[PDB]
Amino acid sequence: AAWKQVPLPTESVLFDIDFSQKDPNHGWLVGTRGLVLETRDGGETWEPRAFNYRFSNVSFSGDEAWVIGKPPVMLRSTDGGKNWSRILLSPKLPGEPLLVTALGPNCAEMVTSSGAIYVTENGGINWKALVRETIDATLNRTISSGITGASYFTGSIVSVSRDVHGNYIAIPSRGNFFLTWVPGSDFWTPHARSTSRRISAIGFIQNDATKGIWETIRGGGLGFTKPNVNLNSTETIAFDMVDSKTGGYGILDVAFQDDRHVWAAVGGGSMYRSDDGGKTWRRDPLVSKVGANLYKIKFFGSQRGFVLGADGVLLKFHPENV
């Protein structure tokens, strides 16, 4: 039994979990309706805590942690969690905070619904922007069959993740294409999708763009790219499509434990598995419960893993059993 559920005292839906670098068993998890829980035994026991909003993510560097939420709210602690400090955000910052990533002492990068990317180096006081050009400024500049032919661009992005070398990947609200940003470039680079249908989710293979990109198509599609893709090249990135075997249910997130073992969360409350890269897929029947929803998978090395779901469902990864 390779996953198994950690019970908790809340009915809120879990959104993110991260662990301190100084004590790798010390970690925090965030959710809806002001949900914040603390761990010091590696995600086996949790106890509620306070600094109420929807908390989107948490991110550690050293012992410094950053949290953001909706409506726009940010907090950090440099104590592992002893004491947290509110951080005011500007109304001319476009969109609302979508992804924070802890970079080091007093350093963090924020990505907003608008696609804007900001770094602070003084613990939240100042935010210097990283991307000169807004996405719709570049979308008004593309000829590669982006949204500018099919749909009009609702100006927000979805499913944004950061690479191990600081590359970003994201998707427009309506899935018509996807977007990437590598450090130093003045704009996101838009890429045409490889499907009939539209894209639902996207990310990097074990958090490294040098191993490729995965995508989830609506109605259960799934594909991966060859390693070493130039995310600045406008020459359409080709995905190799795979038979997810999910039925009509859509994939919600994909996560690699290593090169060969892959896991996926599916709309039916199910959990799918691959042990040959992402090439052939199975549906793990002893971990899938119907009713409870599964939204997100996150590994911390190949021997720590969690799955976050609605109604306070959290599953902890058990390498004994794969």
# chains A, B, ... in the order shown; residues from 1 in each chain; ligands from 1
$ residues_around --residues "stretch 304-308 of chain A" --least-positions-apart "2" --cutoff "8 Å" --atoms "only C-alpha atoms" --output "ChimeraX atom specification"
/A:13-16,294-302,310,312-318
$ residues_around --residues "stretch 109-111 of chain A" --least-positions-apart "3" --cutoff "8 Å" --atoms "only C-alpha atoms" --output "PDB file with N, CA, C and O atoms, in the first residue's frame"
ATOM      1  N   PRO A  97      -1.319  37.555  -5.966  1.00  0.00           N
ATOM      2  CA  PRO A  97      -0.234  36.575  -5.813  1.00  0.00           C
ATOM      3  C   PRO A  97      -0.697  35.161  -6.130  1.00  0.00           C
ATOM      4  O   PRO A  97      -1.752  34.713  -5.676  1.00  0.00           O
ATOM      5  N   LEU A  98       0.106  34.463  -6.927  1.00  0.00           N
ATOM      6  CA  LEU A  98      -0.196  33.108  -7.360  1.00  0.00           C
ATOM      7  C   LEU A  98       0.858  32.095  -6.953  1.00  0.00           C
ATOM      8  O   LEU A  98       0.512  30.946  -6.667  1.00  0.00           O
ATOM      9  N   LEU A  99       2.128  32.487  -6.906  1.00  0.00           N
ATOM     10  CA  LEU A  99       3.205  31.569  -6.555  1.00  0.00           C
ATOM     11  C   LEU A  99       4.328  32.363  -5.911  1.00  0.00           C
ATOM     12  O   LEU A  99       4.829  33.322  -6.507  1.00  0.00           O
ATOM     13  N   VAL A 100       4.712  31.975  -4.700  1.00  0.00           N
ATOM     14  CA  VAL A 100       5.903  32.510  -4.054  1.00  0.00           C
ATOM     15  C   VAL A 100       6.920  31.384  -3.946  1.00  0.00           C
ATOM     16  O   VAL A 100       6.564  30.206  -3.814  1.00  0.00           O
ATOM     17  N   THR A 101       8.195  31.748  -4.039  1.00  0.00           N
ATOM     18  CA  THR A 101       9.284  30.777  -4.004  1.00  0.00           C
ATOM     19  C   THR A 101      10.428  31.376  -3.203  1.00  0.00           C
ATOM     20  O   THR A 101      10.957  32.430  -3.568  1.00  0.00           O
ATOM     21  N   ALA A 102      10.803  30.710  -2.114  1.00  0.00           N
ATOM     22  CA  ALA A 102      11.859  31.209  -1.246  1.00  0.00           C
ATOM     23  C   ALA A 102      13.221  30.929  -1.870  1.00  0.00           C
ATOM     24  O   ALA A 102      13.524  29.789  -2.234  1.00  0.00           O
ATOM     25  N   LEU A 103      14.041  31.977  -1.989  1.00  0.00           N
ATOM     26  CA  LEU A 103      15.306  31.899  -2.707  1.00  0.00           C
ATOM     27  C   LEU A 103      16.531  31.906  -1.809  1.00  0.00           C
ATOM     28  O   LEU A 103      17.616  31.536  -2.270  1.00  0.00           O
ATOM     29  N   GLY A 115       0.801  37.104 -14.595  1.00  0.00           N
ATOM     30  CA  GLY A 115       2.053  36.660 -15.165  1.00  0.00           C
ATOM     31  C   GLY A 115       3.253  37.485 -14.764  1.00  0.00           C
ATOM     32  O   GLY A 115       4.376  37.151 -15.163  1.00  0.00           O
ATOM     33  N   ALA A 116       3.051  38.549 -13.993  1.00  0.00           N
ATOM     34  CA  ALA A 116       4.162  39.369 -13.540  1.00  0.00           C
ATOM     35  C   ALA A 116       5.011  38.600 -12.539  1.00  0.00           C
ATOM     36  O   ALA A 116       4.494  37.875 -11.684  1.00  0.00           O
ATOM     37  N   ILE A 117       6.327  38.766 -12.650  1.00  0.00           N
ATOM     38  CA  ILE A 117       7.288  38.095 -11.785  1.00  0.00           C
ATOM     39  C   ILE A 117       8.107  39.158 -11.066  1.00  0.00           C
ATOM     40  O   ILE A 117       8.683  40.047 -11.706  1.00  0.00           O
ATOM     41  N   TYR A 118       8.156  39.057  -9.738  1.00  0.00           N
ATOM     42  CA  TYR A 118       8.831  40.011  -8.875  1.00  0.00           C
ATOM     43  C   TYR A 118       9.765  39.276  -7.928  1.00  0.00           C
ATOM     44  O   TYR A 118       9.487  38.150  -7.514  1.00  0.00           O
ATOM     45  N   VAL A 119      10.883  39.917  -7.596  1.00  0.00           N
ATOM     46  CA  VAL A 119      11.806  39.443  -6.567  1.00  0.00           C
ATOM     47  C   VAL A 119      11.894  40.515  -5.483  1.00  0.00           C
ATOM     48  O   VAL A 119      11.928  41.715  -5.782  1.00  0.00           O
ATOM     49  N   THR A 120      11.873  40.091  -4.223  1.00  0.00           N
ATOM     50  CA  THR A 120      12.252  40.931  -3.097  1.00  0.00           C
ATOM     51  C   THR A 120      13.589  40.426  -2.576  1.00  0.00           C
ATOM     52  O   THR A 120      13.878  39.229  -2.642  1.00  0.00           O
TER      53      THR A 120
END
$ residues_around --residues "residue A:147" --least-positions-apart "5" --cutoff "10 Å" --atoms "only C-alpha atoms" --output "compact mmCIF listing (two decimals) with N, CA, C and O atoms, in the first residue's frame"
# COMPACT_ATOMS: atom_id res chain seq x y z
N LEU A 139 1.58 38.79 -26.60
CA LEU A 139 0.53 38.10 -27.34
C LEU A 139 0.04 38.95 -28.51
O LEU A 139 -0.37 38.41 -29.54
N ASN A 140 0.10 40.27 -28.38
CA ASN A 140 -0.16 41.18 -29.49
C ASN A 140 0.99 41.24 -30.49
O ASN A 140 1.04 42.13 -31.36
N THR A 142 2.60 37.95 -31.58
CA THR A 142 2.92 36.59 -32.00
C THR A 142 2.22 36.23 -33.31
O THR A 142 1.15 36.76 -33.63
N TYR A 152 -9.87 35.08 -27.85
CA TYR A 152 -9.39 36.30 -27.23
C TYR A 152 -8.89 35.96 -25.83
O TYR A 152 -9.48 35.12 -25.14
N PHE A 153 -7.81 36.62 -25.41
CA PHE A 153 -7.07 36.21 -24.22
C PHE A 153 -7.66 36.86 -22.97
O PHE A 153 -7.46 38.05 -22.73
N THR A 154 -8.38 36.06 -22.19
CA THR A 154 -8.63 36.41 -20.80
C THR A 154 -7.29 36.53 -20.09
O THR A 154 -6.49 35.59 -20.09
N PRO A 172 -2.41 29.77 -20.06
CA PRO A 172 -3.53 30.71 -20.05
C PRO A 172 -4.80 30.06 -19.49
O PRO A 172 -4.94 28.84 -19.46
N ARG A 174 -7.70 29.64 -20.52
CA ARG A 174 -8.52 28.83 -21.40
C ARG A 174 -7.72 27.77 -22.15
O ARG A 174 -8.24 27.17 -23.10
N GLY A 175 -6.48 27.52 -21.74
CA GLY A 175 -5.73 26.37 -22.21
C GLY A 175 -5.34 26.39 -23.67
O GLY A 175 -4.97 25.34 -24.21
N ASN A 176 -5.41 27.54 -24.34
CA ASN A 176 -5.24 27.58 -25.79
C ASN A 176 -3.79 27.36 -26.19
O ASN A 176 -3.51 26.96 -27.33
N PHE A 177 -2.85 27.62 -25.28
CA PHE A 177 -1.43 27.45 -25.50
C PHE A 177 -0.79 27.31 -24.13
O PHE A 177 -1.48 27.06 -23.14
N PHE A 178 0.53 27.43 -24.06
CA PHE A 178 1.19 27.54 -22.76
C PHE A 178 2.34 28.53 -22.88
O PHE A 178 2.75 28.92 -23.98
N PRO A 190 5.48 32.35 -25.78
CA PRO A 190 4.29 31.52 -25.99
C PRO A 190 4.53 30.39 -26.99
O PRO A 190 5.23 30.55 -27.99
N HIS A 191 3.92 29.25 -26.71
CA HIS A 191 4.10 28.03 -27.49
C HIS A 191 2.75 27.43 -27.86
O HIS A 191 1.85 27.34 -27.02
N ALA A 192 2.60 27.04 -29.12
CA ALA A 192 1.37 26.42 -29.58
C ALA A 192 1.19 25.03 -28.98
O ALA A 192 2.14 24.27 -28.84
$ residues_around --residues "residue A:279" --least-positions-apart "4" --cutoff "8 Å" --atoms "only C-alpha atoms" --output "list in words"
residues 242, 243 and 274 of chain A
$ closest_residue --among "A:189, A:288, A:194, A:85" --to "residue A:131" --atoms "only C-alpha atoms"
A:189
$ select_by_dssp --residues "stretch 59-236 of chain A" --states "alpha helix (DSSP H)" --output "PyMOL selection string"
chain A and resi 135-139+147-150
$ residues_around --residues "stretch 213-215 of chain A" --least-positions-apart "3" --cutoff "8 Å" --atoms "only C-alpha atoms" --output "PyMOL selection string"
chain A and resi 199-205+209+222-225+254
$ residues_around --residues "stretch 42-57 of chain A" --least-positions-apart "2" --cutoff "6 Å" --atoms "only C-alpha atoms" --output "NGL selection string"
:A and (15-16 or 25 or 30-34 or 36-40 or 67-70 or 84)
$ select_by_dssp --residues "stretch 125-255 of chain A" --states "strand (DSSP E)" --output "number ranges by chain"
A: 128-129, 157-162, 168-172, 177-181, 189-192, 199-204, 213-217, 221-225, 239-241, 251-255
$ write_last_selection --atoms "N, CA and C atoms" --output "compact mmCIF listing (two decimals), in the first residue's frame"
# COMPACT_ATOMS: atom_id res chain seq x y z
N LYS A 128 11.29 44.47 -7.08
CA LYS A 128 11.74 44.80 -8.43
C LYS A 128 11.18 43.77 -9.40
N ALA A 129 10.59 44.24 -10.49
CA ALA A 129 10.03 43.34 -11.49
C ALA A 129 11.14 42.68 -12.31
N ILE A 157 -3.37 33.71 -15.87
CA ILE A 157 -2.68 32.45 -16.12
C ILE A 157 -2.98 31.47 -14.99
N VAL A 158 -2.73 30.19 -15.25
CA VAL A 158 -3.11 29.10 -14.36
C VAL A 158 -1.94 28.13 -14.32
N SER A 159 -1.83 27.40 -13.20
CA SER A 159 -0.94 26.24 -13.09
C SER A 159 0.51 26.63 -13.36
N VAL A 160 0.98 27.59 -12.57
CA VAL A 160 2.33 28.11 -12.71
C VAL A 160 3.23 27.37 -11.74
N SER A 161 4.40 26.97 -12.24
CA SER A 161 5.38 26.26 -11.45
C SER A 161 6.75 26.78 -11.81
N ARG A 162 7.68 26.66 -10.87
CA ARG A 162 9.04 27.13 -11.06
C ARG A 162 10.00 25.95 -11.14
N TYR A 168 10.20 29.32 -15.47
CA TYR A 168 8.78 29.29 -15.16
C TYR A 168 8.00 28.69 -16.33
N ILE A 169 6.93 27.97 -16.00
CA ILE A 169 5.98 27.50 -16.99
C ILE A 169 4.58 27.74 -16.45
N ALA A 170 3.67 28.10 -17.34
CA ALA A 170 2.32 28.48 -16.94
C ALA A 170 1.40 28.26 -18.14
N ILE A 171 0.11 28.47 -17.92
CA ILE A 171 -0.87 28.20 -18.96
C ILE A 171 -1.91 29.31 -18.92
N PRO A 172 -2.41 29.77 -20.06
CA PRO A 172 -3.53 30.71 -20.05
C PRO A 172 -4.80 30.06 -19.49
N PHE A 177 -2.85 27.62 -25.28
CA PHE A 177 -1.43 27.45 -25.50
C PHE A 177 -0.79 27.31 -24.13
N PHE A 178 0.53 27.43 -24.06
CA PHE A 178 1.19 27.54 -22.76
C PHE A 178 2.34 28.53 -22.88
N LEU A 179 2.86 28.94 -21.72
CA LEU A 179 3.85 30.01 -21.64
C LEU A 179 5.01 29.58 -20.76
N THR A 180 6.20 30.07 -21.10
CA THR A 180 7.40 29.80 -20.32
C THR A 180 8.20 31.08 -20.16
N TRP A 181 9.01 31.11 -19.11
CA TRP A 181 9.93 32.21 -18.86
C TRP A 181 11.21 31.65 -18.26
N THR A 189 7.57 33.42 -23.26
CA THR A 189 7.57 32.94 -24.62
C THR A 189 6.36 32.05 -24.83
N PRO A 190 5.48 32.35 -25.78
CA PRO A 190 4.29 31.52 -25.99
C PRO A 190 4.53 30.39 -26.99
N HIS A 191 3.92 29.25 -26.71
CA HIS A 191 4.10 28.03 -27.49
C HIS A 191 2.75 27.43 -27.86
N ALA A 192 2.60 27.04 -29.12
CA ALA A 192 1.37 26.42 -29.58
C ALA A 192 1.19 25.03 -28.98
N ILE A 199 -5.54 22.35 -23.08
CA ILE A 199 -4.67 21.86 -22.02
C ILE A 199 -5.29 22.21 -20.67
N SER A 200 -5.15 21.32 -19.69
CA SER A 200 -5.67 21.58 -18.35
C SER A 200 -4.57 21.83 -17.33
N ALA A 201 -3.46 21.12 -17.41
CA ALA A 201 -2.38 21.22 -16.44
C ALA A 201 -1.04 21.11 -17.17
N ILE A 202 0.01 21.60 -16.50
CA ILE A 202 1.33 21.60 -17.11
C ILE A 202 2.39 21.79 -16.02
N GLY A 203 3.59 21.28 -16.27
CA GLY A 203 4.68 21.38 -15.31
C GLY A 203 5.92 20.74 -15.88
N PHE A 204 6.98 20.75 -15.06
CA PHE A 204 8.26 20.19 -15.45
C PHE A 204 8.43 18.78 -14.87
N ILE A 213 8.87 18.53 -20.29
CA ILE A 213 7.60 19.09 -19.85
C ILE A 213 6.54 18.00 -19.96
N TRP A 214 5.62 17.97 -19.00
CA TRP A 214 4.41 17.17 -19.10
C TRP A 214 3.22 18.10 -19.25
N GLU A 215 2.17 17.60 -19.90
CA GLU A 215 0.95 18.36 -20.06
C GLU A 215 -0.24 17.43 -19.86
N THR A 216 -1.35 18.01 -19.43
CA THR A 216 -2.60 17.29 -19.26
C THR A 216 -3.65 17.93 -20.15
N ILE A 217 -4.27 17.12 -20.98
CA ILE A 217 -5.26 17.61 -21.91
C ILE A 217 -6.63 17.34 -21.30
N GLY A 221 -6.18 13.50 -21.60
CA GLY A 221 -4.95 13.42 -22.37
C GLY A 221 -3.71 13.59 -21.51
N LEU A 222 -2.58 13.18 -22.08
CA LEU A 222 -1.31 13.23 -21.37
C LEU A 222 -0.18 13.07 -22.38
N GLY A 223 0.84 13.91 -22.25
CA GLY A 223 1.99 13.84 -23.14
C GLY A 223 3.23 14.39 -22.46
N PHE A 224 4.38 13.99 -22.99
CA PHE A 224 5.67 14.44 -22.48
C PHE A 224 6.57 14.81 -23.65
N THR A 225 7.59 15.61 -23.36
CA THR A 225 8.52 16.09 -24.37
C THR A 225 9.86 15.38 -24.22
N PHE A 239 4.97 17.20 -28.16
CA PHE A 239 4.72 16.27 -27.07
C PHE A 239 4.42 14.89 -27.63
N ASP A 240 4.92 13.86 -26.96
CA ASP A 240 4.61 12.48 -27.31
C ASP A 240 3.41 12.04 -26.48
N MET A 241 2.28 11.81 -27.14
CA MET A 241 1.05 11.48 -26.44
C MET A 241 1.07 10.04 -25.95
N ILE A 251 -6.99 14.34 -16.06
CA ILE A 251 -5.85 14.32 -15.15
C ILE A 251 -5.79 15.68 -14.46
N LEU A 252 -5.43 15.68 -13.17
CA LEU A 252 -5.36 16.92 -12.42
C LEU A 252 -3.95 17.34 -12.04
N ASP A 253 -3.04 16.39 -11.85
CA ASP A 253 -1.63 16.70 -11.61
C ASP A 253 -0.80 15.44 -11.79
N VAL A 254 0.45 15.63 -12.20
CA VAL A 254 1.40 14.55 -12.46
C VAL A 254 2.69 14.86 -11.73
N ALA A 255 3.27 13.85 -11.08
CA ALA A 255 4.49 14.03 -10.30
C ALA A 255 5.38 12.80 -10.45
$ closest_residue --among "A:231, A:58, A:287, A:73" --to "residue A:2" --atoms "only C-alpha atoms"
A:287
$ closest_residue --among "A:291, A:89, A:144, A:185" --to "residue A:237" --atoms "only C-alpha atoms"
A:144
$ decode --residues "stretch 155-256 of chain A" --atoms "C-alpha atoms" --output "PDB file, in the first residue's frame"
ATOM      1  CA  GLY A 155      -5.694  38.014 -19.082  1.00  0.00           C
ATOM      2  CA  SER A 156      -4.844  35.563 -16.312  1.00  0.00           C
ATOM      3  CA  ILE A 157      -2.679  32.449 -16.119  1.00  0.00           C
ATOM      4  CA  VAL A 158      -3.108  29.103 -14.364  1.00  0.00           C
ATOM      5  CA  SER A 159      -0.943  26.239 -13.090  1.00  0.00           C
ATOM      6  CA  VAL A 160       2.328  28.109 -12.713  1.00  0.00           C
ATOM      7  CA  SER A 161       5.383  26.255 -11.447  1.00  0.00           C
ATOM      8  CA  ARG A 162       9.045  27.125 -11.063  1.00  0.00           C
ATOM      9  CA  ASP A 163      11.941  25.043 -12.343  1.00  0.00           C
ATOM     10  CA  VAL A 164      15.041  24.045 -10.403  1.00  0.00           C
ATOM     11  CA  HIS A 165      17.077  26.579 -12.425  1.00  0.00           C
ATOM     12  CA  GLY A 166      14.469  29.344 -12.111  1.00  0.00           C
ATOM     13  CA  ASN A 167      12.519  28.667 -15.305  1.00  0.00           C
ATOM     14  CA  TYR A 168       8.777  29.288 -15.163  1.00  0.00           C
ATOM     15  CA  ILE A 169       5.979  27.498 -16.993  1.00  0.00           C
ATOM     16  CA  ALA A 170       2.319  28.481 -16.944  1.00  0.00           C
ATOM     17  CA  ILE A 171      -0.869  28.203 -18.958  1.00  0.00           C
ATOM     18  CA  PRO A 172      -3.534  30.709 -20.047  1.00  0.00           C
ATOM     19  CA  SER A 173      -6.921  30.478 -18.365  1.00  0.00           C
ATOM     20  CA  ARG A 174      -8.524  28.830 -21.404  1.00  0.00           C
ATOM     21  CA  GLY A 175      -5.731  26.372 -22.214  1.00  0.00           C
ATOM     22  CA  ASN A 176      -5.239  27.579 -25.789  1.00  0.00           C
ATOM     23  CA  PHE A 177      -1.426  27.451 -25.505  1.00  0.00           C
ATOM     24  CA  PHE A 178       1.193  27.544 -22.763  1.00  0.00           C
ATOM     25  CA  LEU A 179       3.846  30.013 -21.636  1.00  0.00           C
ATOM     26  CA  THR A 180       7.400  29.796 -20.325  1.00  0.00           C
ATOM     27  CA  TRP A 181       9.926  32.214 -18.856  1.00  0.00           C
ATOM     28  CA  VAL A 182      13.639  31.580 -18.348  1.00  0.00           C
ATOM     29  CA  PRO A 183      15.762  34.039 -16.316  1.00  0.00           C
ATOM     30  CA  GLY A 184      17.098  37.003 -18.263  1.00  0.00           C
ATOM     31  CA  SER A 185      14.392  37.133 -20.929  1.00  0.00           C
ATOM     32  CA  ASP A 186      12.200  40.224 -21.119  1.00  0.00           C
ATOM     33  CA  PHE A 187       8.969  38.344 -21.828  1.00  0.00           C
ATOM     34  CA  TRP A 188       7.179  35.045 -21.508  1.00  0.00           C
ATOM     35  CA  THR A 189       7.574  32.935 -24.625  1.00  0.00           C
ATOM     36  CA  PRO A 190       4.293  31.516 -25.994  1.00  0.00           C
ATOM     37  CA  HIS A 191       4.096  28.032 -27.491  1.00  0.00           C
ATOM     38  CA  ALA A 192       1.368  26.421 -29.585  1.00  0.00           C
ATOM     39  CA  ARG A 193      -0.360  23.400 -28.097  1.00  0.00           C
ATOM     40  CA  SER A 194       0.011  20.010 -29.765  1.00  0.00           C
ATOM     41  CA  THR A 195      -3.576  18.844 -29.447  1.00  0.00           C
ATOM     42  CA  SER A 196      -6.991  18.880 -30.897  1.00  0.00           C
ATOM     43  CA  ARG A 197      -8.316  19.649 -27.394  1.00  0.00           C
ATOM     44  CA  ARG A 198      -7.186  22.238 -24.829  1.00  0.00           C
ATOM     45  CA  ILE A 199      -4.674  21.856 -22.016  1.00  0.00           C
ATOM     46  CA  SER A 200      -5.667  21.582 -18.353  1.00  0.00           C
ATOM     47  CA  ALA A 201      -2.375  21.221 -16.441  1.00  0.00           C
ATOM     48  CA  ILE A 202       1.335  21.597 -17.110  1.00  0.00           C
ATOM     49  CA  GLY A 203       4.677  21.382 -15.312  1.00  0.00           C
ATOM     50  CA  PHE A 204       8.264  20.186 -15.448  1.00  0.00           C
ATOM     51  CA  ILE A 205       9.426  16.576 -15.154  1.00  0.00           C
ATOM     52  CA  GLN A 206      10.726  16.312 -11.564  1.00  0.00           C
ATOM     53  CA  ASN A 207      11.135  20.091 -11.471  1.00  0.00           C
ATOM     54  CA  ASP A 208      13.756  20.324 -14.220  1.00  0.00           C
ATOM     55  CA  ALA A 209      13.185  21.641 -17.734  1.00  0.00           C
ATOM     56  CA  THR A 210      16.252  19.688 -18.917  1.00  0.00           C
ATOM     57  CA  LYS A 211      14.240  16.476 -18.432  1.00  0.00           C
ATOM     58  CA  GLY A 212      11.151  17.803 -20.209  1.00  0.00           C
ATOM     59  CA  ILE A 213       7.601  19.089 -19.848  1.00  0.00           C
ATOM     60  CA  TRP A 214       4.414  17.172 -19.100  1.00  0.00           C
ATOM     61  CA  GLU A 215       0.945  18.356 -20.065  1.00  0.00           C
ATOM     62  CA  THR A 216      -2.597  17.290 -19.261  1.00  0.00           C
ATOM     63  CA  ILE A 217      -5.264  17.611 -21.914  1.00  0.00           C
ATOM     64  CA  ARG A 218      -8.935  17.960 -21.039  1.00  0.00           C
ATOM     65  CA  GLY A 219     -10.754  14.647 -21.091  1.00  0.00           C
ATOM     66  CA  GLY A 220      -7.723  12.716 -19.863  1.00  0.00           C
ATOM     67  CA  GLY A 221      -4.952  13.424 -22.366  1.00  0.00           C
ATOM     68  CA  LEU A 222      -1.310  13.227 -21.369  1.00  0.00           C
ATOM     69  CA  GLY A 223       1.990  13.840 -23.138  1.00  0.00           C
ATOM     70  CA  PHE A 224       5.672  14.441 -22.479  1.00  0.00           C
ATOM     71  CA  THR A 225       8.523  16.085 -24.371  1.00  0.00           C
ATOM     72  CA  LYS A 226      11.999  14.894 -25.261  1.00  0.00           C
ATOM     73  CA  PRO A 227      14.703  16.067 -22.827  1.00  0.00           C
ATOM     74  CA  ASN A 228      16.648  19.297 -23.409  1.00  0.00           C
ATOM     75  CA  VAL A 229      13.959  21.561 -24.875  1.00  0.00           C
ATOM     76  CA  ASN A 230      14.842  25.201 -25.566  1.00  0.00           C
ATOM     77  CA  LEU A 231      12.065  27.113 -23.797  1.00  0.00           C
ATOM     78  CA  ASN A 232      13.064  30.276 -25.696  1.00  0.00           C
ATOM     79  CA  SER A 233      12.740  28.700 -29.146  1.00  0.00           C
ATOM     80  CA  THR A 234       9.529  29.548 -30.999  1.00  0.00           C
ATOM     81  CA  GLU A 235       9.758  26.276 -32.968  1.00  0.00           C
ATOM     82  CA  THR A 236       6.717  24.317 -31.758  1.00  0.00           C
ATOM     83  CA  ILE A 237       7.509  21.911 -28.902  1.00  0.00           C
ATOM     84  CA  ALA A 238       6.305  18.406 -29.803  1.00  0.00           C
ATOM     85  CA  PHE A 239       4.723  16.268 -27.071  1.00  0.00           C
ATOM     86  CA  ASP A 240       4.612  12.479 -27.313  1.00  0.00           C
ATOM     87  CA  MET A 241       1.053  11.482 -26.438  1.00  0.00           C
ATOM     88  CA  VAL A 242       0.412   8.537 -24.132  1.00  0.00           C
ATOM     89  CA  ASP A 243      -2.651   6.420 -23.319  1.00  0.00           C
ATOM     90  CA  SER A 244      -3.367   7.517 -19.741  1.00  0.00           C
ATOM     91  CA  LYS A 245      -6.127   4.851 -19.488  1.00  0.00           C
ATOM     92  CA  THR A 246      -8.084   7.207 -17.219  1.00  0.00           C
ATOM     93  CA  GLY A 247     -11.328   6.825 -19.172  1.00  0.00           C
ATOM     94  CA  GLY A 248     -13.039  10.137 -19.768  1.00  0.00           C
ATOM     95  CA  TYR A 249     -11.825  11.555 -16.478  1.00  0.00           C
ATOM     96  CA  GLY A 250      -9.316  14.383 -16.672  1.00  0.00           C
ATOM     97  CA  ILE A 251      -5.851  14.321 -15.147  1.00  0.00           C
ATOM     98  CA  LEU A 252      -5.359  16.925 -12.425  1.00  0.00           C
ATOM     99  CA  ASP A 253      -1.631  16.703 -11.612  1.00  0.00           C
ATOM    100  CA  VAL A 254       1.396  14.549 -12.460  1.00  0.00           C
ATOM    101  CA  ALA A 255       4.490  14.025 -10.301  1.00  0.00           C
ATOM    102  CA  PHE A 256       7.661  11.974 -10.759  1.00  0.00           C
TER     103      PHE A 256
END
